[PDB]
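K.L.:
To be precise about what I am sending: the file is called my_file-v5.csv and holds CSV, N, CA and C atoms.
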chain,number,residue,atom,x,y,z
A,2,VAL,N,-65.3,-32.8,-45.7
A,2,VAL,CA,-64.2,-33.1,-46.6
A,2,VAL,C,-62.9,-33.1,-45.7
A,3,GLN,N,-62.2,-34.2,-45.7
A,3,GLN,CA,-60.9,-34.3,-45.0
A,3,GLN,C,-59.8,-34.6,-45.9
A,4,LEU,N,-58.7,-34.0,-45.7
A,4,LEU,CA,-57.5,-34.2,-46.6
A,4,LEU,C,-56.3,-34.7,-45.9
A,5,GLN,N,-55.6,-35.6,-46.5
A,5,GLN,CA,-54.3,-36.1,-45.9
A,5,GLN,C,-53.3,-36.3,-47.0
A,6,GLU,N,-52.1,-35.6,-46.7
A,6,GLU,CA,-51.0,-35.6,-47.7
A,6,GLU,C,-50.1,-36.8,-47.4
A,7,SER,N,-49.4,-37.3,-48.4
A,7,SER,CA,-48.3,-38.2,-48.2
A,7,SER,C,-47.3,-38.0,-49.3
A,8,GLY,N,-46.2,-38.6,-49.2
A,8,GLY,CA,-45.2,-38.7,-50.2
A,8,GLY,C,-44.0,-37.7,-50.0
A,9,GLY,N,-44.0,-37.0,-48.9
A,9,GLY,CA,-42.9,-36.2,-48.6
A,9,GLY,C,-41.6,-36.9,-48.4
A,10,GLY,N,-40.5,-36.2,-48.4
A,10,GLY,CA,-39.2,-36.9,-48.2
A,10,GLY,C,-38.0,-36.0,-48.2
A,11,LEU,N,-36.8,-36.6,-48.2
A,11,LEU,CA,-35.6,-35.9,-48.2
A,11,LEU,C,-34.8,-36.5,-49.4
A,12,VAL,N,-34.5,-35.6,-50.3
A,12,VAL,CA,-33.6,-35.9,-51.5
A,12,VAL,C,-32.6,-34.9,-51.7
A,13,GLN,N,-31.6,-35.2,-52.6
A,13,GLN,CA,-30.7,-34.2,-53.1
A,13,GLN,C,-31.2,-33.4,-54.2
A,14,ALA,N,-30.6,-32.2,-54.4
A,14,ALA,CA,-31.0,-31.4,-55.6
A,14,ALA,C,-30.9,-32.2,-56.9
A,15,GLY,N,-31.9,-32.0,-57.7
A,15,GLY,CA,-31.9,-32.7,-59.0
A,15,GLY,C,-32.8,-33.9,-58.9
A,16,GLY,N,-33.2,-34.3,-57.7
A,16,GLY,CA,-34.1,-35.5,-57.5
A,16,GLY,C,-35.5,-35.2,-57.7
A,17,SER,N,-36.4,-36.2,-57.6
A,17,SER,CA,-37.8,-36.1,-57.8
A,17,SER,C,-38.5,-36.7,-56.6
A,18,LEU,N,-39.8,-36.2,-56.4
A,18,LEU,CA,-40.7,-36.8,-55.4
A,18,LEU,C,-42.1,-36.7,-56.1
A,19,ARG,N,-43.1,-37.4,-55.5
A,19,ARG,CA,-44.5,-37.2,-55.9
A,19,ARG,C,-45.3,-37.1,-54.7
A,20,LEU,N,-45.9,-36.0,-54.4
A,20,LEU,CA,-46.8,-35.9,-53.3
A,20,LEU,C,-48.2,-36.3,-53.7
A,21,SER,N,-49.0,-36.9,-52.7
A,21,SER,CA,-50.3,-37.3,-52.8
A,21,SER,C,-51.2,-36.6,-51.8
A,22,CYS,N,-52.4,-36.3,-52.2
A,22,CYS,CA,-53.4,-35.8,-51.2
A,22,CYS,C,-54.7,-36.6,-51.4
A,23,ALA,N,-55.0,-37.4,-50.4
A,23,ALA,CA,-56.3,-38.2,-50.5
A,23,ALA,C,-57.4,-37.4,-49.7
A,24,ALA,N,-58.6,-37.3,-50.4
A,24,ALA,CA,-59.8,-36.8,-49.8
A,24,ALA,C,-60.6,-37.9,-49.2
A,25,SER,N,-61.3,-37.5,-48.1
A,25,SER,CA,-62.2,-38.5,-47.4
A,25,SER,C,-63.4,-37.7,-46.9
A,26,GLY,N,-64.4,-38.3,-46.3
A,26,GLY,CA,-65.6,-37.7,-45.9
A,26,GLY,C,-66.6,-37.6,-47.1
A,27,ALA,N,-67.1,-36.4,-47.4
A,27,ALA,CA,-68.1,-36.2,-48.4
A,27,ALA,C,-67.4,-36.1,-49.8
A,28,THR,N,-66.9,-37.3,-50.3
A,28,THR,CA,-66.1,-37.4,-51.5
A,28,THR,C,-67.0,-37.5,-52.8
A,29,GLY,N,-68.3,-37.6,-52.6
A,29,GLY,CA,-69.2,-37.7,-53.7
A,29,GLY,C,-69.2,-36.3,-54.4
A,30,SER,N,-69.2,-35.2,-53.7
A,30,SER,CA,-69.3,-33.9,-54.3
A,30,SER,C,-67.9,-33.5,-54.9
A,31,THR,N,-68.0,-32.6,-55.9
A,31,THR,CA,-66.7,-32.2,-56.6
A,31,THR,C,-66.2,-30.9,-56.1
A,32,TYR,N,-64.9,-30.9,-55.8
A,32,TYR,CA,-64.2,-29.7,-55.5
A,32,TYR,C,-62.9,-29.6,-56.2
A,33,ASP,N,-62.4,-28.4,-56.4
A,33,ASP,CA,-61.1,-28.2,-57.0
A,33,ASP,C,-60.1,-28.3,-55.9
A,34,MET,N,-58.8,-28.7,-56.2
A,34,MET,CA,-57.8,-28.9,-55.2
A,34,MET,C,-56.6,-28.2,-55.6
A,35,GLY,N,-55.8,-27.8,-54.6
A,35,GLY,CA,-54.5,-27.1,-54.8
A,35,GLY,C,-53.5,-27.5,-53.9
A,36,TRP,N,-52.2,-27.3,-54.3
A,36,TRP,CA,-51.0,-27.5,-53.5
A,36,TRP,C,-50.4,-26.2,-53.1
A,37,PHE,N,-50.0,-26.1,-51.9
A,37,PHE,CA,-49.4,-24.9,-51.3
A,37,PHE,C,-48.1,-25.2,-50.6
A,38,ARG,N,-47.3,-24.3,-50.4
A,38,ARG,CA,-46.1,-24.6,-49.6
A,38,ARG,C,-45.6,-23.4,-48.7
A,39,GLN,N,-45.0,-23.8,-47.6
A,39,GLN,CA,-44.6,-22.8,-46.6
A,39,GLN,C,-43.3,-23.1,-46.0
A,40,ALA,N,-42.3,-22.3,-46.2
A,40,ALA,CA,-41.0,-22.4,-45.6
A,40,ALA,C,-41.0,-21.7,-44.3
A,41,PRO,N,-40.3,-22.3,-43.3
A,41,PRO,CA,-40.3,-21.6,-41.9
A,41,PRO,C,-40.0,-20.1,-41.9
A,42,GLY,N,-40.9,-19.3,-41.4
A,42,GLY,CA,-40.7,-17.9,-41.3
A,42,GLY,C,-41.3,-17.1,-42.5
A,43,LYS,N,-41.8,-17.8,-43.5
A,43,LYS,CA,-42.3,-17.2,-44.7
A,43,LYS,C,-43.8,-17.4,-44.8
A,44,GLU,N,-44.5,-16.5,-45.5
A,44,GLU,CA,-45.9,-16.7,-45.9
A,44,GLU,C,-46.0,-17.9,-46.8
A,45,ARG,N,-47.1,-18.6,-46.7
A,45,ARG,CA,-47.5,-19.7,-47.5
A,45,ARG,C,-47.8,-19.2,-48.9
A,46,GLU,N,-47.4,-19.9,-50.0
A,46,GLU,CA,-47.7,-19.5,-51.3
A,46,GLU,C,-48.3,-20.7,-52.1
A,47,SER,N,-49.1,-20.4,-53.1
A,47,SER,CA,-49.6,-21.3,-54.1
A,47,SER,C,-48.5,-21.9,-54.9
A,48,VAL,N,-48.6,-23.2,-55.2
A,48,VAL,CA,-47.7,-23.9,-56.1
A,48,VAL,C,-48.5,-24.3,-57.4
A,49,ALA,N,-49.6,-24.9,-57.2
A,49,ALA,CA,-50.4,-25.5,-58.4
A,49,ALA,C,-51.8,-25.7,-58.0
A,50,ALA,N,-52.7,-25.6,-59.0
A,50,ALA,CA,-54.1,-26.0,-58.7
A,50,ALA,C,-54.7,-26.7,-59.9
A,51,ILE,N,-55.8,-27.5,-59.6
A,51,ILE,CA,-56.5,-28.3,-60.6
A,51,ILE,C,-58.0,-28.3,-60.4
A,52,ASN,N,-58.7,-28.1,-61.6
A,52,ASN,CA,-60.1,-28.2,-61.6
A,52,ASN,C,-60.5,-29.7,-61.7
A,53,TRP,N,-61.4,-30.1,-60.8
A,53,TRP,CA,-61.7,-31.5,-60.7
A,53,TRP,C,-62.4,-32.1,-62.0
A,54,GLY,N,-63.3,-31.4,-62.6
A,54,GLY,CA,-64.1,-31.8,-63.7
A,54,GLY,C,-63.3,-31.9,-65.0
A,55,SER,N,-62.5,-30.8,-65.3
A,55,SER,CA,-61.7,-30.7,-66.6
A,55,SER,C,-60.3,-31.2,-66.5
A,56,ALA,N,-59.8,-31.4,-65.2
A,56,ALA,CA,-58.4,-31.6,-64.9
A,56,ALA,C,-57.5,-30.4,-65.4
A,57,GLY,N,-58.2,-29.2,-65.6
A,57,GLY,CA,-57.5,-28.0,-66.0
A,57,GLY,C,-56.5,-27.6,-64.9
A,58,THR,N,-55.3,-27.3,-65.3
A,58,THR,CA,-54.2,-27.0,-64.4
A,58,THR,C,-53.8,-25.5,-64.3
A,59,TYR,N,-53.2,-25.1,-63.2
A,59,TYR,CA,-52.7,-23.8,-62.9
A,59,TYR,C,-51.3,-24.0,-62.2
A,60,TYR,N,-50.3,-23.2,-62.5
A,60,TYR,CA,-49.0,-23.3,-62.0
A,60,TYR,C,-48.4,-22.0,-61.6
A,61,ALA,N,-47.7,-21.9,-60.4
A,61,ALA,CA,-46.9,-20.8,-60.1
A,61,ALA,C,-45.7,-20.7,-61.0
A,62,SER,N,-45.2,-19.5,-61.2
A,62,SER,CA,-44.1,-19.3,-62.1
A,62,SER,C,-42.8,-20.1,-61.6
A,63,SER,N,-42.7,-20.2,-60.3
A,63,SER,CA,-41.5,-20.8,-59.8
A,63,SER,C,-41.3,-22.3,-60.1
A,64,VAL,N,-42.4,-23.0,-60.3
A,64,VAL,CA,-42.4,-24.4,-60.5
A,64,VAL,C,-42.8,-24.8,-62.0
A,65,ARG,N,-43.1,-23.9,-62.9
A,65,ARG,CA,-43.4,-24.2,-64.3
A,65,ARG,C,-42.4,-25.0,-65.0
A,66,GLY,N,-42.8,-26.1,-65.7
A,66,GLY,CA,-41.9,-27.0,-66.4
A,66,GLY,C,-41.2,-28.0,-65.5
A,67,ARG,N,-41.4,-28.0,-64.2
A,67,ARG,CA,-40.7,-28.9,-63.3
A,67,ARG,C,-41.7,-29.7,-62.5
A,68,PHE,N,-42.8,-29.1,-62.1
A,68,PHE,CA,-43.9,-29.8,-61.3
A,68,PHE,C,-45.1,-30.0,-62.1
A,69,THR,N,-45.8,-31.1,-61.9
A,69,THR,CA,-47.1,-31.5,-62.6
A,69,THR,C,-48.1,-31.8,-61.6
A,70,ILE,N,-49.3,-31.2,-61.7
A,70,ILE,CA,-50.4,-31.5,-60.8
A,70,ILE,C,-51.4,-32.4,-61.7
A,71,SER,N,-52.0,-33.4,-61.0
A,71,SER,CA,-52.8,-34.3,-61.7
A,71,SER,C,-53.8,-34.8,-60.7
A,72,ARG,N,-54.9,-35.4,-61.2
A,72,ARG,CA,-55.9,-36.0,-60.3
A,72,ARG,C,-56.5,-37.3,-60.9
A,73,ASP,N,-56.9,-38.2,-60.0
A,73,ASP,CA,-57.5,-39.4,-60.3
A,73,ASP,C,-58.9,-39.5,-59.5
A,74,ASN,N,-60.0,-39.4,-60.3
A,74,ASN,CA,-61.3,-39.5,-59.7
A,74,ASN,C,-61.6,-40.8,-59.0
A,75,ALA,N,-61.2,-41.9,-59.5
A,75,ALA,CA,-61.5,-43.2,-58.8
A,75,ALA,C,-60.9,-43.2,-57.4
A,76,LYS,N,-59.6,-42.7,-57.3
A,76,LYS,CA,-58.9,-42.7,-56.0
A,76,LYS,C,-59.2,-41.5,-55.1
A,77,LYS,N,-59.9,-40.5,-55.7
A,77,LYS,CA,-60.2,-39.2,-55.0
A,77,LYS,C,-58.9,-38.6,-54.4
A,78,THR,N,-57.9,-38.6,-55.2
A,78,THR,CA,-56.5,-38.2,-54.9
A,78,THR,C,-56.0,-37.2,-55.9
A,79,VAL,N,-55.3,-36.2,-55.4
A,79,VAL,CA,-54.5,-35.2,-56.3
A,79,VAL,C,-53.0,-35.5,-56.0
A,80,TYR,N,-52.2,-35.3,-57.0
A,80,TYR,CA,-50.8,-35.6,-57.0
A,80,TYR,C,-50.0,-34.4,-57.5
A,81,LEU,N,-48.8,-34.2,-56.9
A,81,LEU,CA,-47.9,-33.2,-57.3
A,81,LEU,C,-46.6,-34.0,-57.6
A,82,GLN,N,-46.3,-34.2,-58.9
A,82,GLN,CA,-45.0,-34.7,-59.3
A,82,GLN,C,-44.0,-33.6,-59.3
A,83,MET,N,-42.9,-33.8,-58.7
A,83,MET,CA,-41.8,-32.7,-58.5
A,83,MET,C,-40.5,-33.3,-59.1
A,84,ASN,N,-40.1,-32.7,-60.2
A,84,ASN,CA,-38.8,-33.0,-60.8
A,84,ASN,C,-37.8,-31.9,-60.7
A,85,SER,N,-36.6,-32.1,-60.9
A,85,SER,CA,-35.5,-31.1,-60.8
A,85,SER,C,-35.6,-30.3,-59.6
A,86,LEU,N,-35.8,-31.0,-58.4
A,86,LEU,CA,-35.9,-30.3,-57.2
A,86,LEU,C,-34.7,-29.5,-56.9
A,87,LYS,N,-34.9,-28.3,-56.2
A,87,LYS,CA,-33.9,-27.4,-55.9
A,87,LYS,C,-34.0,-27.1,-54.3
A,88,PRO,N,-32.9,-26.8,-53.7
A,88,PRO,CA,-32.9,-26.5,-52.2
A,88,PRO,C,-34.0,-25.6,-51.8
A,89,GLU,N,-34.3,-24.6,-52.6
A,89,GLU,CA,-35.4,-23.6,-52.3
A,89,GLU,C,-36.8,-24.1,-52.4
A,90,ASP,N,-36.9,-25.4,-52.9
A,90,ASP,CA,-38.2,-26.1,-52.9
A,90,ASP,C,-38.6,-26.7,-51.5
A,91,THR,N,-37.6,-26.6,-50.6
A,91,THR,CA,-37.8,-27.1,-49.3
A,91,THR,C,-38.9,-26.3,-48.5
A,92,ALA,N,-39.8,-27.0,-48.0
A,92,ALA,CA,-41.0,-26.4,-47.3
A,92,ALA,C,-41.9,-27.5,-46.9
A,93,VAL,N,-42.9,-27.1,-46.1
A,93,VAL,CA,-44.1,-27.9,-45.8
A,93,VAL,C,-45.1,-27.7,-46.9
A,94,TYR,N,-45.5,-28.8,-47.6
A,94,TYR,CA,-46.5,-28.7,-48.6
A,94,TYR,C,-47.8,-29.2,-48.1
A,95,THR,N,-48.8,-28.3,-48.3
A,95,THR,CA,-50.2,-28.6,-47.9
A,95,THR,C,-51.2,-28.6,-49.0
A,96,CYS,N,-52.2,-29.4,-48.9
A,96,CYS,CA,-53.2,-29.5,-49.9
A,96,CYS,C,-54.5,-28.8,-49.4
A,97,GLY,N,-55.2,-28.3,-50.3
A,97,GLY,CA,-56.5,-27.6,-50.0
A,97,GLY,C,-57.6,-27.9,-51.0
A,98,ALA,N,-58.8,-27.8,-50.6
A,98,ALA,CA,-59.9,-28.0,-51.5
A,98,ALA,C,-61.0,-26.9,-51.3
A,99,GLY,N,-61.6,-26.5,-52.4
A,99,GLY,CA,-62.6,-25.5,-52.4
A,99,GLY,C,-63.1,-25.3,-53.8
A,100,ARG,N,-63.4,-24.1,-54.2
A,100,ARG,CA,-63.8,-23.8,-55.6
A,100,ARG,C,-63.1,-22.6,-56.1
A,101,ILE,N,-62.4,-22.7,-57.2
A,101,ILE,CA,-61.5,-21.7,-57.8
A,101,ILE,C,-62.3,-20.5,-58.3
A,110,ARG,N,-53.7,-16.2,-54.3
A,110,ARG,CA,-54.2,-16.2,-53.0
A,110,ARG,C,-54.9,-17.5,-52.6
A,111,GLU,N,-55.0,-17.8,-51.3
A,111,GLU,CA,-55.5,-19.1,-50.8
A,111,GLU,C,-56.9,-18.9,-50.2
A,112,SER,N,-57.5,-17.8,-50.4
A,112,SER,CA,-58.8,-17.6,-49.8
A,112,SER,C,-59.9,-18.5,-50.4
A,113,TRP,N,-59.7,-19.0,-51.6
A,113,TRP,CA,-60.7,-19.9,-52.2
A,113,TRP,C,-60.7,-21.3,-51.6
A,114,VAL,N,-59.7,-21.6,-50.7
A,114,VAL,CA,-59.7,-22.9,-50.0
A,114,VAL,C,-60.6,-22.9,-48.8
A,115,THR,N,-61.4,-24.0,-48.8
A,115,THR,CA,-62.4,-24.2,-47.7
A,115,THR,C,-61.9,-25.2,-46.7
A,116,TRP,N,-61.2,-26.2,-47.1
A,116,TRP,CA,-60.7,-27.3,-46.3
A,116,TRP,C,-59.2,-27.5,-46.5
A,117,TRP,N,-58.5,-27.7,-45.5
A,117,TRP,CA,-57.0,-27.8,-45.5
A,117,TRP,C,-56.6,-29.2,-45.0
A,118,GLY,N,-55.5,-29.7,-45.6
A,118,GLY,CA,-54.9,-30.9,-45.1
A,118,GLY,C,-53.9,-30.6,-43.9
A,119,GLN,N,-53.0,-31.5,-43.6
A,119,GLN,CA,-52.1,-31.4,-42.5
A,119,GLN,C,-50.7,-30.9,-42.8
A,120,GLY,N,-50.2,-31.1,-44.0
A,120,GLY,CA,-48.9,-30.7,-44.4
A,120,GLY,C,-48.0,-31.9,-44.4
A,121,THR,N,-47.1,-32.0,-45.4
A,121,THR,CA,-46.0,-33.0,-45.4
A,121,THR,C,-44.7,-32.3,-45.8
A,122,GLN,N,-43.6,-32.7,-45.1
A,122,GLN,CA,-42.3,-32.1,-45.3
A,122,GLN,C,-41.6,-32.6,-46.5
A,123,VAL,N,-41.1,-31.6,-47.3
A,123,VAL,CA,-40.2,-31.9,-48.4
A,123,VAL,C,-38.9,-31.1,-48.1
A,124,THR,N,-37.8,-31.9,-48.1
A,124,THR,CA,-36.5,-31.3,-47.9
A,124,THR,C,-35.6,-31.7,-49.1
A,125,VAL,N,-34.9,-30.7,-49.6
A,125,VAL,CA,-34.0,-30.9,-50.7
A,125,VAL,C,-32.7,-30.3,-50.3
A,126,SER,N,-31.7,-31.2,-50.1
A,126,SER,CA,-30.3,-30.8,-49.6
A,126,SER,C,-29.4,-30.4,-50.8
A,127,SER,N,-28.6,-29.4,-50.6
A,127,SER,CA,-27.7,-28.9,-51.7
A,127,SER,C,-26.7,-30.0,-52.2
Rewrite the structure from the file as structure tokens, please.
P.N.:
Amino acid sequence: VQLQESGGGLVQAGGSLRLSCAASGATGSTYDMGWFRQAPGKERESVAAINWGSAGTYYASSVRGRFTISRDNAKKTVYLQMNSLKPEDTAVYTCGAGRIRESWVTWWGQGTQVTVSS
């Protein structure tokens, strides 16, 4: 299982982005996917996760009501829609897959930068 993120960018506070994470390799099998983020000098934290079969969602408190995680089985891609971005949302966002802390993750992507200026 190989993961590649895209959709990062640089926007002002109040703006929106949508991150993508495409899975490749053994994409026949089903795995849950999550988004994580890490600001320079800080420990990485969970943002959101999704069950592949049910599309059941999980959200960190910091992003509730602002970010939406979703998945498309045909495209084997998970998405993070981000609205009402805040400067403190600035970080590298990484995708991970495994079966539902980040210890449940078995395969990690590369990371994509999100910057939100004041």
K.L.:
What is the atom N of residue 88 in chain A-CA of residue 15 in chain A distance in Å, reported with one decimal?
P.N.:
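Those two atoms sit 8.0 Å apart.
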K.L.:
Could you pull the residues within 6.5 Å of residue 59 in chain A, counting all atoms listed in the file, minus those fewer than 6 positions along the same chain, as a list in words?
P.N.:
residues 48, 49, 50, 51 and 52 of chain A
K.L.:
Please write the residues from the selection above to a file, keeping N, CA and C atoms, as a PDB file, in the coordinates of the input.
P.N.:
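Below you can see result16.pdb, which holds the result:
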ATOM      1  N   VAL A  48     -48.600 -23.200 -55.200  1.00  0.00           N
ATOM      2  CA  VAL A  48     -47.700 -23.900 -56.100  1.00  0.00           C
ATOM      3  C   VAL A  48     -48.500 -24.300 -57.400  1.00  0.00           C
ATOM      4  N   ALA A  49     -49.600 -24.900 -57.200  1.00  0.00           N
ATOM      5  CA  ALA A  49     -50.400 -25.500 -58.400  1.00  0.00           C
ATOM      6  C   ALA A  49     -51.800 -25.700 -58.000  1.00  0.00           C
ATOM      7  N   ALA A  50     -52.700 -25.600 -59.000  1.00  0.00           N
ATOM      8  CA  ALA A  50     -54.100 -26.000 -58.700  1.00  0.00           C
ATOM      9  C   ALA A  50     -54.700 -26.700 -59.900  1.00  0.00           C
ATOM     10  N   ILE A  51     -55.800 -27.500 -59.600  1.00  0.00           N
ATOM     11  CA  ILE A  51     -56.500 -28.300 -60.600  1.00  0.00           C
ATOM     12  C   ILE A  51     -58.000 -28.300 -60.400  1.00  0.00           C
ATOM     13  N   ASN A  52     -58.700 -28.100 -61.600  1.00  0.00           N
ATOM     14  CA  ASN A  52     -60.100 -28.200 -61.600  1.00  0.00           C
ATOM     15  C   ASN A  52     -60.500 -29.700 -61.700  1.00  0.00           C
TER      16      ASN A  52
END
K.L.:
Name the residues of chain A that fall into strand (DSSP E) according to DSSP on the backbone, using the chain letters and numbers of this document, as a ChimeraX atom specification.
P.N.:
/A:3-7,10-13,18-25,33-39,46-51,58-60,68-73,78-83,92-99,114-117,121-126
K.L.:
I'd like the contact shell of residue 79 in chain A - 7 Å cut-off, only N, CA and C atoms, skipping same-chain residues fewer than 2 positions apart - returned as a VMD selection string.
P.N.:
chain A and resid 20 to 24 70 to 73 76 to 77 81
K.L.:
Mind pulling up the distance from CA of residue 34 in chain A to CA of residue 111 in chain A?
P.N.:
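Here the two named atoms are 11.0 Å from each other.
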K.L.:
Using DSSP secondary structure from the backbone, list all helix (DSSP H, G or I) positions within range 57-119 of chain A, as a list in words.
P.N.:
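Selecting the helix (DSSP H, G or I) positions of range 57-119 of chain A gives residues 62, 63, 64, 88, 89 and 90 of chain A.
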K.L.:
Using Å and a single decimal, report how far atom N of residue 85 in chain A sits from atom C of residue 17 in chain A.
P.N.:
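A separation of 6.6 Å between them.
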K.L.:
Restricting the calculation to all atoms listed in the file, which member of A:47, A:38, A:4, A:32 is positioned closest to residue 61 in chain A?
P.N.:
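Of A:47, A:38, A:4, A:32, the one nearest residue 61 in chain A is A:47, counting all atoms listed in the file.
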K.L.:
Find the spatial neighbours of range 6-9 of chain A, counting only C-alpha atoms, within a cut-off of 10 Å - ignore same-chain residues fewer than 3 positions away - and output them as a VMD selection string.
P.N.:
chain A and resid 12 18 to 24 36 78 to 82 93 to 97 118 to 124
